[PDB]
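Taking it in order: structure first as structure tokens, then the write-up.
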Amino acid sequence: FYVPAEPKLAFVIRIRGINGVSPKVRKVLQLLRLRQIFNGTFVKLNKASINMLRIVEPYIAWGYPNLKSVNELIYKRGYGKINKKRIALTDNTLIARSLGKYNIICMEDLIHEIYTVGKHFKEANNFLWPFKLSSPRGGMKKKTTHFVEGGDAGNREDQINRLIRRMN
Amino acid sequence: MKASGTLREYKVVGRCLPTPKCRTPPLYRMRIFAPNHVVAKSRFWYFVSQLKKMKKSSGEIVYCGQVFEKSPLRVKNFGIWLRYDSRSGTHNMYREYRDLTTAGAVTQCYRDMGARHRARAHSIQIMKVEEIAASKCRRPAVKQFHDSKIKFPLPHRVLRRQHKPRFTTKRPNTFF
Amino acid sequence: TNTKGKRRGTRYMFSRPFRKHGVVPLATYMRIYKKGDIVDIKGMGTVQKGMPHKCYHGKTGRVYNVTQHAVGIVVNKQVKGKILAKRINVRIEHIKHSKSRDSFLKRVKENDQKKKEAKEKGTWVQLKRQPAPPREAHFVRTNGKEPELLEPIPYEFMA
RNA sequence: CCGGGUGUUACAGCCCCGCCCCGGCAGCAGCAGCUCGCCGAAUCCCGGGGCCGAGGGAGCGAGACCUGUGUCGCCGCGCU
RNA sequence: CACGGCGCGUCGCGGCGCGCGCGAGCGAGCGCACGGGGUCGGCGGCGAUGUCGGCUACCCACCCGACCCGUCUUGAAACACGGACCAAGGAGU
RNA sequence: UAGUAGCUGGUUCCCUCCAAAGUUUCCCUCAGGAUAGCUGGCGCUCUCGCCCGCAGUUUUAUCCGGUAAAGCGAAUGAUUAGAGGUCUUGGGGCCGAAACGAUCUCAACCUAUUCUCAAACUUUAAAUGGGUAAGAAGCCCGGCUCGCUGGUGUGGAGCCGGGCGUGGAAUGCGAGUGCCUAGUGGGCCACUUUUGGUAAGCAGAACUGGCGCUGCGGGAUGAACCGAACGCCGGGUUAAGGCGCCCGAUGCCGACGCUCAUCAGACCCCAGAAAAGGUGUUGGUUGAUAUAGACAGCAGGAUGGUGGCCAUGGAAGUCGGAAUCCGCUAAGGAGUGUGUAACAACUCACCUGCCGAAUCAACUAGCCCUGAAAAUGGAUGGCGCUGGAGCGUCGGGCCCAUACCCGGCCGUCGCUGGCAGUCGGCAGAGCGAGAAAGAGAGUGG
RNA sequence: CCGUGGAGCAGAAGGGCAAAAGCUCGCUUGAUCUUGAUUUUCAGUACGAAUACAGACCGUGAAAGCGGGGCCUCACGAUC
RNA sequence: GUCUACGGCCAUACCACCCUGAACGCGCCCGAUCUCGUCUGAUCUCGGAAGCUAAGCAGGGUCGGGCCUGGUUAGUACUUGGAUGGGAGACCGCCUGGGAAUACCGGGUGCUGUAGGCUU
Ligand SMILES: [Mg+2]
Ligand SMILES: [Mg+2]
Ligand SMILES: [Mg+2]
Ligand SMILES: [Mg+2]
Ligand SMILES: [Mg+2]
Ligand SMILES: [Mg+2]
Ligand SMILES: [Mg+2]
Ligand SMILES: [Mg+2]
Ligand SMILES: [Mg+2]
Ligand SMILES: [Mg+2]
Ligand SMILES: [Mg+2]
Ligand SMILES: [Mg+2]
Ligand SMILES: [Mg+2]
Ligand SMILES: [Mg+2]
Ligand SMILES: [Mg+2]
Ligand SMILES: [Mg+2]
Ligand SMILES: [Mg+2]
Ligand SMILES: [Mg+2]
Ligand SMILES: [Mg+2]
Ligand SMILES: [Mg+2]
Ligand SMILES: [Mg+2]
Ligand SMILES: [Mg+2]
Ligand SMILES: [Mg+2]
Ligand SMILES: [Mg+2]
Ligand SMILES: [Mg+2]
Ligand SMILES: [Mg+2]
Ligand SMILES: [Mg+2]
Ligand SMILES: [Mg+2]
Ligand SMILES: [Mg+2]
Ligand SMILES: [Mg+2]
Ligand SMILES: [Mg+2]
């Protein structure tokens, strides 16, 4: 048997509101930059990220994004955080200035670095503003319960791509 | 488990991570009936945690793949050994069904359990599924379909599509 | 309400461990504490002189004053919504060097040594402790023996 | 024609099993437009319906030997 | 095939890479557009004592919504208290 | 004298921004104050367009604990039951003048076991959790001062000078600091933990979130439940919940079953029910016997010792006490029941004839039914619904919130953003462009 | 002879204690004079209690040392 | 191989019984004038060297007790977080993570620092 390498990149979408959140879950959501329902972001995986996501399992749906999902998310919803301002990325020079020192100079560099989790994935992801996704067309199964028991919360390995296709 | 839609049968094999104590732990294989591979892996971890001293954090899914039906065109009799939880006590049972696919038979089993004993998928623990010869079948509801010259009519056909001609001057016929 | 005694609710905290009563081993007395060591507090009921208050039991502080028999240490205490770094005097029995700092010190010496080395070699070496990375791809070899089936066992009552 | 019994290819068929180039031939997640999947840097094309159109002196080339014009920047092209 | 000059070519490993000169880092026009937020260099009717426009405001009808305010209170539509209506005066100087 | 009032009542225009507390300590303090806490306003010191710090978070190290659990063949304290020993004593007896000389015993005692326990027990001992560290204020050198400590320029501390930048876990984020200060100091509710109480919409705590201070979609109705928090609008999509009609949405040729109620059932909080039962029906478990011919059902037998022994006035089998044998047999119990005072008589167990293939139990779990009685007429929200519009497991599609996405508009905040360059026949119209800096001025070959 | 404390340590209880903190003797008055710092309730205020020091006079012991009240947790009181 | 003096960790070192100890040493042992202290030269203190491993002490043994360390019990008990899960309740099941303790069955029975000896 050939066990493939554990995925290094995950996509996380907040699927619960602001009302009535435990302080610890609130702090982890703030750290992950999910301050609004149907916000999304990329997270690189390690022990710290695993435990951090486990703490906030009931509030997020996360999975392993596909290359097409990364492409579509960057091109359609991708805005850059330039000068503490949310600027839509309509030209390569905006990327080139904010990430020139890291040899990211266009959309292709940004997408490649995000998808392969490069040496400066932290800088690229932080430059990337959190994605504001629309409500899932076709509806959710059940927001409250876990994905394994027929809900939407928790970890879904590759079904996050199906979710993204309708949420963006 | 949420028995959503029609179930699928998955072969899942897993093992503990290598440790200084033992280089190569034995691989354990199980048949899981599940809507998809994610819940299949979850059920595998649950069952193997009950059986052996194994946990997902101290293990790994070596392989997980759907196993397709060998003969999906031959109607077969399936015997299922099952273990379920009632409102007071747990019971082992054996039920036979009649279908073309093992996954279809197991889905029938789940629906029948829900219908007859109000047992839920998180309560049912499926144990064994075997093709059973018609001579070895012992439930009359399955045995009564074992004859060469099967013959029966459709006595009282209830009119469907009752609303497409919502106002019709006939009184419908139920004998065809 | 409760009582404001200094030793209320310490019958287990200040007690001695099982089969460990009697003479205090002298190694505790024969340790050297200087100015600035990170040190742990653990009240020992065998000696009653210089016993720390129960709220500092299990806390870690920094030594700022060394005296004939006792040591003054600065330790943080959470009082309502604020933390006070207050200094207390504890006799040497109820104190113990913290091993949380020596690991970092040894790491500092070791990565400083490996930074000094390879400086002439020009190669690259990692110093920051990266978190546990995800497991990489590998092959699991079956040795001709197929994995054995696992099935749930039937219910049957024990009691 | 039906019912009961015997039985093992007969005036029907069924299952498994060594090979004959995994026997050979199409074809293949099949518009035999529903027998069962996951997808798209391994994905492109066309079409239909609905809502909106906020902003308003972006310049080009002309060269101190001229003073025009209001279709201009980035990008993708075509012709000489 | 986002390949396209001549050379001196080691700026070189055996040519490709890849450097030094070539009035010395200046070829020009037209045209089309999935290109830093809509335009038409597109049209059709009805207009003098019966017709055009008038969000709101006057009256009426309909569908949906809709418990009386102020106050103390954990909690007010309250089977808690003040209040028939109107004018003027009326309280952190 | 407009006496005082910690107590009632009232306390007059708009928009914009921020936004609480019912908790700590003290008070003849408990309907009130003072003080911390929570708020606002005014600022100030720096910061980025290599690096500093900080965190209701994790990771890697390292300590801290005595709850949940567990234990009593471990300490303390409770606690049941039998085993084996002895004279270590006592108690009923016995042979003995007496004798640990002897017989049983009952006991206390000892040794191994055994049943059940602890908020104020414990050898063990979690999960969740509480500290500390993760570098420049650090490491590595050289040298001075000391009245301290000193076998010893020993130890320690403080001083100077010098060298090391891969800024030494992840993630996120500008930070620090100072004045002045209102209101508040009656709280309540919910999951989980928990004390008193038979219990309570009772009384009292811990953590978190809410209501109060808050509107919106759903739960018919509703301070707290589920979803979601709000500027004025257009389009699209959802959450929770729903889609017979009221009432937007299944007017799907939806899938598989279960259930008949002369009191059916119908969705968290939540608004009504238990023990015990059913040969109603549907599943399941276990054990039997049946072509050496069962289960019914219809018929024949159902005997002797002996009216067995003790018994009672009478007990022949049938009120009572043990046992329960034999030969005859295809079989008959010293008897399963009805009957008389006793019999008698009938009947059963058991075996035969006809009939010729499946039949018996004992449990267990679903729905339904009995258990099930209150007062104005009455409430799955109503109508009503039984090839469901009920119950369980499920599939597509559809409906809509002030939530989410796109667009317009208002305002606030931030960029402590840009513009004095309107530099014009005396001029030459730029400083948006990935790369810290001159469309630089002139002199020689 | 056995005896891990099953005794005692003034008192309630808990902790602690075996060539001792218990019992018996010997000598004494650190229960003395004095300035500061710190902990406990805490507002981080007092009182009370306590902890390390420092400066003198001493006690005890061969000495190292120990001692400025009771083995620790309680036994107490502003202004005028 | 091992002992003595002073120790560190304080049972893997303790407890019960049995066997063996070459040399040095440690001891037992012989006396009370002096030092010193008792009812008692038993203890303590002092002065010695006839005898002995008897005892202490050291090493070893015990299907030894205990102790230490593993397996089993056990992914059981318990438990962070979640659900418009079940149930009239009592309570229980599931999802996401952590994860014990008896009985029972194995293994082991002091390591070591400084100074000084013996094994010529
Ligand atoms: Mg909520
Ligand atoms: Mg739609
Ligand atoms: Mg919830
Ligand atoms: Mg209305
Ligand atoms: Mg009032
Ligand atoms: Mg109020
Ligand atoms: Mg009244
Ligand atoms: Mg009143
Ligand atoms: Mg009135
Ligand atoms: Mg007026
Ligand atoms: Mg007045
Ligand atoms: Mg009052
Ligand atoms: Mg009042
Ligand atoms: Mg406690
Ligand atoms: Mg307990
Ligand atoms: Mg209450
Ligand atoms: Mg609020
Ligand atoms: Mg609200
Ligand atoms: Mg209701
Ligand atoms: Mg809308
Ligand atoms: Mg409705
Ligand atoms: Mg917008
Ligand atoms: Mg003494
Ligand atoms: Mg002194
Ligand atoms: Mg004393
Ligand atoms: Mg003598
Ligand atoms: Mg000896
Ligand atoms: Mg001997
Ligand atoms: Mg042993
Ligand atoms: Mg030694
Ligand atoms: Mg020799």
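For the structure tokens, the naming scheme is as follows: chains receive sequential letters (A, B, ...) according to their order of presentation, residues are indexed from 1 within each chain, and ligands are indexed from 1 in presentation order.
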
Checklist entry - Could you list, as a count of residues only, all the residues within 12 Å of ligand 9, counting only C-alpha atoms (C1' of nucleotides) and all ligand atoms? => result 4

Checklist entry - Could you list, as a PyMOL selection string, all the residues within 9 Å of ligand 21, counting only C-alpha atoms (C1' of nucleotides) and all ligand atoms? => result chain F and resi 220+241-243+247

Next on the checklist: as a PyMOL selection string, please: every residue in region 22-60 of chain C that DSSP puts in strand (DSSP E).
Outcome noted: chain C and resi 38-41+60

Selected residues written out, N, CA, C and O atoms, as a PDB file, in the first residue's frame:
ATOM      1  N   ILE C  38      15.272  30.941  38.262  1.00  0.00           N
ATOM      2  CA  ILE C  38      13.858  30.595  38.231  1.00  0.00           C
ATOM      3  C   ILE C  38      13.651  29.378  39.119  1.00  0.00           C
ATOM      4  O   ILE C  38      14.330  28.359  38.958  1.00  0.00           O
ATOM      5  N   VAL C  39      12.719  29.478  40.062  1.00  0.00           N
ATOM      6  CA  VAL C  39      12.626  28.492  41.130  1.00  0.00           C
ATOM      7  C   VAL C  39      11.162  28.191  41.417  1.00  0.00           C
ATOM      8  O   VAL C  39      10.286  29.040  41.244  1.00  0.00           O
ATOM      9  N   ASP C  40      10.899  26.963  41.847  1.00  0.00           N
ATOM     10  CA  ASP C  40       9.553  26.483  42.121  1.00  0.00           C
ATOM     11  C   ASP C  40       9.259  26.524  43.615  1.00  0.00           C
ATOM     12  O   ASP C  40      10.159  26.419  44.450  1.00  0.00           O
ATOM     13  N   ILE C  41       7.978  26.659  43.948  1.00  0.00           N
ATOM     14  CA  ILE C  41       7.528  26.714  45.333  1.00  0.00           C
ATOM     15  C   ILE C  41       6.704  25.471  45.621  1.00  0.00           C
ATOM     16  O   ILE C  41       5.769  25.152  44.879  1.00  0.00           O
ATOM     17  N   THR C  60       5.888  29.415  40.290  1.00  0.00           N
ATOM     18  CA  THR C  60       7.280  29.568  39.896  1.00  0.00           C
ATOM     19  C   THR C  60       7.647  31.042  39.888  1.00  0.00           C
ATOM     20  O   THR C  60       6.952  31.856  39.272  1.00  0.00           O
TER      21      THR C  60
END

Write down as a PDB file with N, CA and C atoms, in the first residue's frame the residues of region 68-142 of chain B whose backbone DSSP state falls under alpha helix (DSSP H).
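Result went into part_14.pdb, see below:
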ATOM      1  N   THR B 102     -24.928  -6.114  -1.811  1.00  0.00           N
ATOM      2  CA  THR B 102     -24.703  -6.154  -0.370  1.00  0.00           C
ATOM      3  C   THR B 102     -25.015  -4.810   0.273  1.00  0.00           C
ATOM      4  N   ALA B 103     -24.591  -3.718  -0.365  1.00  0.00           N
ATOM      5  CA  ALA B 103     -24.897  -2.392   0.158  1.00  0.00           C
ATOM      6  C   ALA B 103     -26.399  -2.142   0.173  1.00  0.00           C
ATOM      7  N   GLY B 104     -27.099  -2.568  -0.879  1.00  0.00           N
ATOM      8  CA  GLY B 104     -28.544  -2.423  -0.895  1.00  0.00           C
ATOM      9  C   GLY B 104     -29.216  -3.214   0.208  1.00  0.00           C
ATOM     10  N   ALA B 105     -28.737  -4.433   0.456  1.00  0.00           N
ATOM     11  CA  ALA B 105     -29.288  -5.235   1.542  1.00  0.00           C
ATOM     12  C   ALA B 105     -29.052  -4.573   2.890  1.00  0.00           C
ATOM     13  N   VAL B 106     -27.867  -3.998   3.094  1.00  0.00           N
ATOM     14  CA  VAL B 106     -27.581  -3.354   4.372  1.00  0.00           C
ATOM     15  C   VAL B 106     -28.432  -2.100   4.547  1.00  0.00           C
ATOM     16  N   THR B 107     -28.648  -1.349   3.466  1.00  0.00           N
ATOM     17  CA  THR B 107     -29.541  -0.198   3.544  1.00  0.00           C
ATOM     18  C   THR B 107     -30.960  -0.631   3.880  1.00  0.00           C
ATOM     19  N   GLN B 108     -31.429  -1.707   3.245  1.00  0.00           N
ATOM     20  CA  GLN B 108     -32.722  -2.274   3.601  1.00  0.00           C
ATOM     21  C   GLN B 108     -32.761  -2.642   5.073  1.00  0.00           C
ATOM     22  N   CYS B 109     -31.663  -3.198   5.584  1.00  0.00           N
ATOM     23  CA  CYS B 109     -31.596  -3.570   6.990  1.00  0.00           C
ATOM     24  C   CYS B 109     -31.742  -2.355   7.889  1.00  0.00           C
ATOM     25  N   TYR B 110     -31.059  -1.263   7.551  1.00  0.00           N
ATOM     26  CA  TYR B 110     -31.156  -0.055   8.362  1.00  0.00           C
ATOM     27  C   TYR B 110     -32.575   0.496   8.352  1.00  0.00           C
ATOM     28  N   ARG B 111     -33.190   0.564   7.169  1.00  0.00           N
ATOM     29  CA  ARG B 111     -34.555   1.078   7.093  1.00  0.00           C
ATOM     30  C   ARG B 111     -35.522   0.181   7.852  1.00  0.00           C
ATOM     31  N   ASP B 112     -35.358  -1.136   7.735  1.00  0.00           N
ATOM     32  CA  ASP B 112     -36.230  -2.064   8.444  1.00  0.00           C
ATOM     33  C   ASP B 112     -36.057  -1.947   9.950  1.00  0.00           C
ATOM     34  N   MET B 113     -34.820  -1.774  10.415  1.00  0.00           N
ATOM     35  CA  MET B 113     -34.590  -1.587  11.841  1.00  0.00           C
ATOM     36  C   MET B 113     -35.274  -0.324  12.333  1.00  0.00           C
ATOM     37  N   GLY B 114     -35.125   0.771  11.586  1.00  0.00           N
ATOM     38  CA  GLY B 114     -35.795   2.002  11.967  1.00  0.00           C
ATOM     39  C   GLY B 114     -37.304   1.862  11.980  1.00  0.00           C
ATOM     40  N   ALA B 115     -37.848   1.101  11.032  1.00  0.00           N
ATOM     41  CA  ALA B 115     -39.294   0.965  10.925  1.00  0.00           C
ATOM     42  C   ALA B 115     -39.869   0.064  12.008  1.00  0.00           C
ATOM     43  N   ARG B 116     -39.172  -1.014  12.357  1.00  0.00           N
ATOM     44  CA  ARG B 116     -39.754  -2.021  13.231  1.00  0.00           C
ATOM     45  C   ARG B 116     -39.370  -1.855  14.691  1.00  0.00           C
ATOM     46  N   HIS B 117     -38.193  -1.304  14.984  1.00  0.00           N
ATOM     47  CA  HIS B 117     -37.732  -1.229  16.360  1.00  0.00           C
ATOM     48  C   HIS B 117     -37.316   0.177  16.766  1.00  0.00           C
ATOM     49  N   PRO B 140     -39.671 -16.879   6.534  1.00  0.00           N
ATOM     50  CA  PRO B 140     -40.682 -17.131   5.496  1.00  0.00           C
ATOM     51  C   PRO B 140     -40.869 -15.977   4.532  1.00  0.00           C
ATOM     52  N   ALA B 141     -40.685 -14.736   4.987  1.00  0.00           N
ATOM     53  CA  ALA B 141     -40.866 -13.588   4.106  1.00  0.00           C
ATOM     54  C   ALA B 141     -39.892 -13.611   2.938  1.00  0.00           C
ATOM     55  N   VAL B 142     -38.749 -14.271   3.101  1.00  0.00           N
ATOM     56  CA  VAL B 142     -37.781 -14.403   2.021  1.00  0.00           C
ATOM     57  C   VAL B 142     -37.993 -15.740   1.329  1.00  0.00           C
TER      58      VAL B 142
END

Next on the checklist: Taking only C-alpha atoms (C1' of nucleotides) and all ligand atoms into account, list the residues no farther than 10 Å from ligand 17, as an MDAnalysis selection string.
Outcome noted: chainID F and resid 19:20 210:214

What are the residues of chain A lining chain B at 9 Å or less? Count only C-alpha atoms, and put the answer as an mmCIF file with N, CA and C atoms, in the first residue's frame.
data_model
loop_
_atom_site.group_PDB
_atom_site.id
_atom_site.type_symbol
_atom_site.label_atom_id
_atom_site.label_comp_id
_atom_site.auth_asym_id
_atom_site.auth_seq_id
_atom_site.Cartn_x
_atom_site.Cartn_y
_atom_site.Cartn_z
ATOM 1 N N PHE A 1 0.833 -1.189 0.000
ATOM 2 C CA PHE A 1 0.000 0.000 0.000
ATOM 3 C C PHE A 1 0.873 1.245 0.000
ATOM 4 N N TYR A 2 0.383 2.294 -0.652
ATOM 5 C CA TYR A 2 1.057 3.589 -0.693
ATOM 6 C C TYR A 2 0.164 4.605 0.001
ATOM 7 N N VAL A 3 0.511 4.962 1.231
ATOM 8 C CA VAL A 3 -0.230 5.999 1.941
ATOM 9 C C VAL A 3 0.262 7.356 1.453
ATOM 10 N N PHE A 147 -20.143 16.766 10.549
ATOM 11 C CA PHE A 147 -20.285 16.233 9.198
ATOM 12 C C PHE A 147 -20.427 14.719 9.200
ATOM 13 N N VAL A 148 -19.726 14.038 10.105
ATOM 14 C CA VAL A 148 -19.779 12.580 10.147
ATOM 15 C C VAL A 148 -21.191 12.106 10.463
ATOM 16 N N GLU A 149 -21.869 12.783 11.388
ATOM 17 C CA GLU A 149 -23.234 12.428 11.751
ATOM 18 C C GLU A 149 -24.271 13.152 10.905
ATOM 19 N N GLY A 150 -23.918 13.531 9.681
ATOM 20 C CA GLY A 150 -24.873 14.082 8.746
ATOM 21 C C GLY A 150 -25.011 15.586 8.751
ATOM 22 N N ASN A 155 -14.475 18.288 10.213
ATOM 23 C CA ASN A 155 -13.550 18.054 9.115
ATOM 24 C C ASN A 155 -14.179 17.154 8.064
ATOM 25 N N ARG A 156 -14.241 17.650 6.834
ATOM 26 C CA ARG A 156 -14.593 16.856 5.666
ATOM 27 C C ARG A 156 -13.392 16.877 4.730
ATOM 28 N N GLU A 157 -12.857 15.696 4.419
ATOM 29 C CA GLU A 157 -11.539 15.612 3.797
ATOM 30 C C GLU A 157 -11.478 16.391 2.488
ATOM 31 N N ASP A 158 -12.242 15.959 1.489
ATOM 32 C CA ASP A 158 -12.216 16.601 0.187
ATOM 33 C C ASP A 158 -13.567 17.150 -0.242
#

Checklist entry - Could you pull the residues within 7 Å of region 70-77 of chain H, counting only C-alpha atoms (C1' of nucleotides), minus those fewer than 4 positions along the same chain, as a PyMOL selection string? => result (chain B and resi 49-50+53) or (chain F and resi 69)

Output as CSV one row per residue of chain A within 6 Å of chain F: the closest atom pair and its distance in Å to one decimal place, counting only C-alpha atoms (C1' of nucleotides), sorted by chain and residue number ascending.
residue,atom,partner,partner_atom,distance
A:20,CA,F:209,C1',5.4
A:23,CA,F:56,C1',5.8
A:28,CA,F:57,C1',5.2
A:31,CA,F:172,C1',4.6
A:48,CA,F:58,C1',5.1
A:52,CA,F:58,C1',5.5
A:96,CA,F:434,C1',5.1
A:97,CA,F:434,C1',4.9
A:134,CA,F:405,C1',4.2
A:135,CA,F:404,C1',5.2
A:137,CA,F:237,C1',5.6
A:139,CA,F:238,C1',6.0

Selection from above, C-alpha atoms, as a PDB file, in the first residue's frame, can you write it?
ATOM      1  CA  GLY A  20     -23.365  33.148  22.355  1.00  0.00           C
ATOM      2  CA  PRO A  23     -14.493  32.981  25.193  1.00  0.00           C
ATOM      3  CA  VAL A  28      -9.377  30.987  18.454  1.00  0.00           C
ATOM      4  CA  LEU A  31      -6.747  34.240  15.714  1.00  0.00           C
ATOM      5  CA  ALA A  48      -0.700  23.549  16.608  1.00  0.00           C
ATOM      6  CA  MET A  52      -6.545  24.901  17.292  1.00  0.00           C
ATOM      7  CA  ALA A  96       4.370  42.656  -6.688  1.00  0.00           C
ATOM      8  CA  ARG A  97       4.840  45.492  -4.214  1.00  0.00           C
ATOM      9  CA  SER A 134     -21.846  33.860  -0.230  1.00  0.00           C
ATOM     10  CA  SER A 135     -24.356  31.598   1.463  1.00  0.00           C
ATOM     11  CA  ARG A 137     -26.446  27.645  -2.770  1.00  0.00           C
ATOM     12  CA  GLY A 139     -28.503  24.878   1.424  1.00  0.00           C
TER      13      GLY A 139
END

Checklist entry - Quick one: residues within 9 Å of region 20-27 of chain E, only C-alpha atoms (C1' of nucleotides) counted, chain neighbours fewer than 3 positions away excluded, as number ranges by chain? => result E: 6-8, 11

Mind writing the picked residues with N, CA and C atoms (P, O5', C5', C4', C3', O3' and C1' of nucleotides) as a PDB file, in the first residue's frame?
ATOM      1  P     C E   6      23.093  35.960 -36.743  1.00  0.00           P
ATOM      2  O5'   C E   6      24.300  36.926 -37.121  1.00  0.00           O
ATOM      3  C5'   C E   6      24.480  37.368 -38.458  1.00  0.00           C
ATOM      4  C4'   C E   6      25.448  38.518 -38.535  1.00  0.00           C
ATOM      5  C3'   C E   6      26.775  38.313 -37.827  1.00  0.00           C
ATOM      6  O3'   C E   6      27.686  37.529 -38.575  1.00  0.00           O
ATOM      7  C1'   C E   6      25.920  40.436 -37.271  1.00  0.00           C
ATOM      8  P     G E   7      28.254  36.158 -37.959  1.00  0.00           P
ATOM      9  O5'   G E   7      29.821  36.413 -37.846  1.00  0.00           O
ATOM     10  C5'   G E   7      30.437  36.610 -36.583  1.00  0.00           C
ATOM     11  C4'   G E   7      30.758  38.063 -36.346  1.00  0.00           C
ATOM     12  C3'   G E   7      31.741  38.346 -35.223  1.00  0.00           C
ATOM     13  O3'   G E   7      33.086  38.191 -35.631  1.00  0.00           O
ATOM     14  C1'   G E   7      29.872  39.779 -35.016  1.00  0.00           C
ATOM     15  P     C E   8      33.934  36.917 -35.147  1.00  0.00           P
ATOM     16  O5'   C E   8      34.812  37.482 -33.947  1.00  0.00           O
ATOM     17  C5'   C E   8      35.573  38.671 -34.096  1.00  0.00           C
ATOM     18  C4'   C E   8      35.815  39.319 -32.760  1.00  0.00           C
ATOM     19  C3'   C E   8      36.035  38.354 -31.608  1.00  0.00           C
ATOM     20  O3'   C E   8      37.344  37.818 -31.543  1.00  0.00           O
ATOM     21  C1'   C E   8      34.424  39.931 -30.970  1.00  0.00           C
ATOM     22  P     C E  11      35.713  35.293 -23.237  1.00  0.00           P
ATOM     23  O5'   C E  11      35.827  35.349 -21.650  1.00  0.00           O
ATOM     24  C5'   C E  11      35.172  36.366 -20.906  1.00  0.00           C
ATOM     25  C4'   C E  11      34.037  35.804 -20.090  1.00  0.00           C
ATOM     26  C3'   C E  11      33.979  34.288 -19.988  1.00  0.00           C
ATOM     27  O3'   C E  11      34.862  33.770 -19.008  1.00  0.00           O
ATOM     28  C1'   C E  11      31.825  35.135 -20.488  1.00  0.00           C
TER      29        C E  11
END

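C1' of residue 1 (chain E) is found 26.6 Å from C1' of residue 34 (chain E).
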
Item to check | Nearby polymer residues, ligand 13, at most 10 Å, only C-alpha atoms (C1' of nucleotides) and all ligand atoms, as a PyMOL selection string | outcome: (chain E and resi 72-73) or (chain F and resi 7-8+31+186)

Checklist entry - Within 10 Å of ligand 20, counting only C-alpha atoms (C1' of nucleotides) and all ligand atoms: which residues, as a VMD selection string? => result chain F and resid 233 to 237 400 to 402

Which residues are near ligand 27 - at most 8 Å, using only C-alpha atoms (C1' of nucleotides) and all ligand atoms? Format: as a PDB file with C-alpha atoms (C1' of nucleotides), in the first residue's frame.
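Produced file out_7.pdb, reproduced below:
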ATOM      1  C1'   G H  27      34.000  -6.245  65.939  1.00  0.00           C
ATOM      2  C1'   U H  53      34.056 -15.697  63.938  1.00  0.00           C
ATOM      3  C1'   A H  54      29.665 -17.694  68.227  1.00  0.00           C
ATOM      4  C1'   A H  55      27.120 -12.784  67.317  1.00  0.00           C
ATOM      5  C1'   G H  56      27.212  -7.939  64.811  1.00  0.00           C
ATOM      6  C1'   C H  57      28.896  -7.088  59.765  1.00  0.00           C
TER       7        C H  57
END

Item to check | chain F residues near chain C (6 Å cut-off, only C-alpha atoms (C1' of nucleotides)) as number ranges by chain | outcome: F: 62, 64, 131-133, 168-169

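Between ligand 29 and the residues H:69, H:109, H:114, H:45, the shortest atom-to-atom distance, using only C-alpha atoms (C1' of nucleotides) and all ligand atoms, involves H:109.
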